[PDB]
Amino acid sequence: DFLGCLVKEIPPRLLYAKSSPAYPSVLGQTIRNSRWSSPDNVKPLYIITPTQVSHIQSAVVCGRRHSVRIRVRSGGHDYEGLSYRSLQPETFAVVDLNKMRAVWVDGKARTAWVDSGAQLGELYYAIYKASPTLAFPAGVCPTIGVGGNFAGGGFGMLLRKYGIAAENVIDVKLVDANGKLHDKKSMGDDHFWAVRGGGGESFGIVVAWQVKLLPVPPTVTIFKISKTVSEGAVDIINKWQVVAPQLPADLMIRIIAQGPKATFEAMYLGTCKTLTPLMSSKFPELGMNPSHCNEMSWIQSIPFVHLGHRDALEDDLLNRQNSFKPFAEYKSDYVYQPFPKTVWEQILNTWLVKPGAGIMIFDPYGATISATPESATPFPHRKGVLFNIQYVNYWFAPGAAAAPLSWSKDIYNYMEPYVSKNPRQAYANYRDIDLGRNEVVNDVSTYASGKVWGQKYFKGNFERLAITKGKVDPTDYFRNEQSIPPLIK
Ligand SMILES: Cc1cc2c(cc1C)N(C[C@H](O)[C@H](O)[C@H](O)COP(=O)(O)OP(=O)(O)OC[C@H]1O[C@@H](n3cnc4c(N)ncnc43)[C@H](O)[C@@H]1O)c1[nH]c(=O)[nH]c(=O)c1N2
Ligand code: NA
């Protein structure tokens, strides 16, 4: 009867039963992790692909009426696949927002409305079409969905200049657990605060986000400078941890470290001419010179930073043919105090070259991201943060998991004394189920279980998130294994 309920309001075109011949390709289209696409993963009973907001409301009403929970999917990047799989057998539908990819840019007001189903590449491209001197601070990977990226916070190469995506959202269109359509005004301050950074799923289905668009110069400068240990990587990184978080807001230098080399990748909101003396003055250890400069427009920096590409702009931002589906494991940490130089020695000399070693990505904070009060948004990793670490393990055959998974665990153990503690902070969008998962009692996720992983992602904000959840979704309709549990008065 679920199908009959849906088809009353939604075209058959947009309803994919699990038995449907079209269902496997719709399911797989935006799966980004080969661990979660294989037949042993728990599959949704139905996938619904709305093209307008009433289809979302209808699906929710139908879901409530027929006791079918919904997991919403935008770009499909969830590290645990929680947008399209459950961990244990469960009946659920996926509401897959991929056909709702509209981006309307008001270049004059410097605001834009973007559907959650858009990918970052489509958002970024539409901004560029409106103006060569406007930008929006979200993720690095162009295939990330707006929905998940904004709901969990969202950060990238502009985080030092403008903070996270979520703190630059000025309104939303959202469907709640009752199928009611909300904006900022009708949902109220608590719900609007929660939705912008408090994690995907928990607070309802965001249909579209209104954002403020921010200035960038017509030319930005990117560099990618690699250092092995004999070229000085240990001393350069030992300096970087102090220097990079204190650099002017216009300069962000992230690190990608894999095997024998650390690649220092910078985006500077300016020219080589001003970048050169700044580097020689503030970060001379890197040996940056004008030859390392790549001047281009902001929009051009997106494929450049992520892929190294210089002339497939539309392909890199706009292509929706997946084709990158590693088996992948991810973890993250936040660092508040400088590592001893000997820890960098262990990381670069032993950890990164062990069997199963992954990639370590280091993003420096400070400036704007750290200026924002910790409780101002649900994202708490702000004042005092030196840098974020992401531990990324890829493998490419189903039987090759043992070594990377073991390295991932062992390194997280090794790093424990040097990273944040009590709670050990982690970024919500770097979803890591090993941080803890919910217990469900009487069909409702418990506060006590949610608190364990919840304080890691959201620290002191977890409480306001759970109280908000209690008000907007007391029966815990919109949930997953690591979603905000209701705390009800
Ligand atoms: C290649 C690549 C690169 C990166 C990243 C991922 C990947 C795959 N990440 C992490 C990314 O931000 C995280 O996986 C997001 O939650 C993904 O959002 P999607 O919509 O793509 O995923 P997906 O559709 O799987 O959703 C993720 C979670 O949000 C919920 N959700 C999705 N749409 C929603 C909606 N409309 N309303 C409410 N909830 C919704 C889902 O139910 C799920 O729980 C990231 N992050 C980052 O900040 N900066 C970065 O540079 C990167 N880099
Ligand atoms: Na994982």
Side-chain angles (χ1 to χ4, degrees), residues 24-25 27-44 71 73 75-90 92 94 139-141 143-145 148 152 200 256-263 306-307 321-333 346-362 388-416 419 424 426-438 452-453 456-457 480-482:
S25 88
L27 179 52
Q29 183 61 35
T30 58
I31 293 180
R32 315 295 183 163
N33 195 332
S34 290
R35 295 172 73 185
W36 316 136
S37 57
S38 55
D40 55 303
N41 290 282
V42 179
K43 308 288 188 203
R71 301 187 173 222
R73 179 168 72 182
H77 277 266
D78 196 88
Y79 281 4
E80 300 293 349
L82 300 199
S83 53
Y84 56 78
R85 66 180 279 245
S86 53
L87 307 193
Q88 300 308 310
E90 193 210 318
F92 62 100
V94 169
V140 171
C141 320
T143 69
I144 303 170
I256 303 179
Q258 193 186 18
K261 73 179 178 143
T263 303
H306 190 54
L307 302 165
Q321 303 319 120
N322 205 159
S323 87
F324 193 54
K325 210 186 322 301
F327 301 79
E329 174 62 327
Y330 311 85
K331 301 181 86 69
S332 70
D333 272 315
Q346 290 273 40
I347 291 166
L348 293 163
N349 291 311
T350 113
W351 286 98
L352 282 169
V353 288
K354 287 177 187 259
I359 299 148
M360 299 174 79
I361 304 175
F362 306 86
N388 171 248
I389 306 171
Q390 195 187 2
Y391 309 82
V392 179
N393 275 281
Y394 296 145
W395 61 101
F396 293 94
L405 290 177
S406 168
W407 180 89
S408 182
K409 277 168 179 194
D410 288 355
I411 201 183
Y412 211 62
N413 174 67
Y414 167 74
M415 299 290 295
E416 182 179 37
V419 300
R424 184 171 184 175
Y427 175 39
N429 271 336
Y430 297 159
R431 193 201 285 284
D432 173 6
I433 203 65
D434 278 355
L435 299 181
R437 76 181 71 185
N438 290 344
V452 179
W453 58 264
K456 306 168 177 188
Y457 290 158
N480 57 46
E481 291 85 356
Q482 223 187 38

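If you read the sequence from its start, that first residue is 1, and numbering goes on from there. Any value given below was found using the heavy atoms of this structure, including those in side chains, with hydrogens, waters and symmetry copies removed.
Taken to the nearest 0.5 Å, the CE atom of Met360 stands 8.5 Å off from the CG atom of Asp333.
Remark: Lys409 fails to qualify as a cation-pi partner of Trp407 under the 6.0 Å distance and 45° angle criteria applied to the six-membered ring. Both tests hold for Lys331 against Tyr412: distance to the six-membered ring centre under 6.0 Å, angle to the ring axis within 45°.
In this structure, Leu87 and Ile433 have side chains that are in contact, with non-hydrogen atoms separated by less than 4.5 Å. With contacts defined as side-chain heavy-atom distances shorter than 4.5 Å, the pair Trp36/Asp78 does not qualify. Between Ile347 and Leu352 there is a side-chain heavy-atom pair separated by less than 4.5 Å. Between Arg431 and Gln482 the shortest side-chain heavy-atom distance falls below 4.5 Å. Proximity of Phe92 to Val42: side-chain heavy atoms (C-beta onward) are separated by under 4.5 Å at one or more points. A heavy-atom distance below 4.5 Å is found between the side chains of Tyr430 and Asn388. Here the side chains of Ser332 and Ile389 are not in contact, with every heavy-atom distance at 4.5 Å or above. Between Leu435 and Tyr457, the closest side-chain pair of non-hydrogen atoms falls below 4.5 Å.
A ring-centre distance under 6.0 Å is found for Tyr79 and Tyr330.
The pair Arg85-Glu90 fails the salt-bridge criterion, with no side-chain N (NZ, NE, NH1 or NH2) lying under 4.0 Å from an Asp/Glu carboxylate O. The existence of a salt bridge linking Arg35 and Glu329 is confirmed by a sub-4.0 Å separation between a basic side-chain nitrogen and an acidic carboxylate oxygen.
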Q. Would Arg71 and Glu481 satisfy salt bridge (charged side-chain N to carboxylate O under 4.0 Å, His left out), going step by step from the backbone distance to the final call?
A. CA-CA 11 Å; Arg71 301 187 173 222; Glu481 291 85 356; 2.8 Å; yes

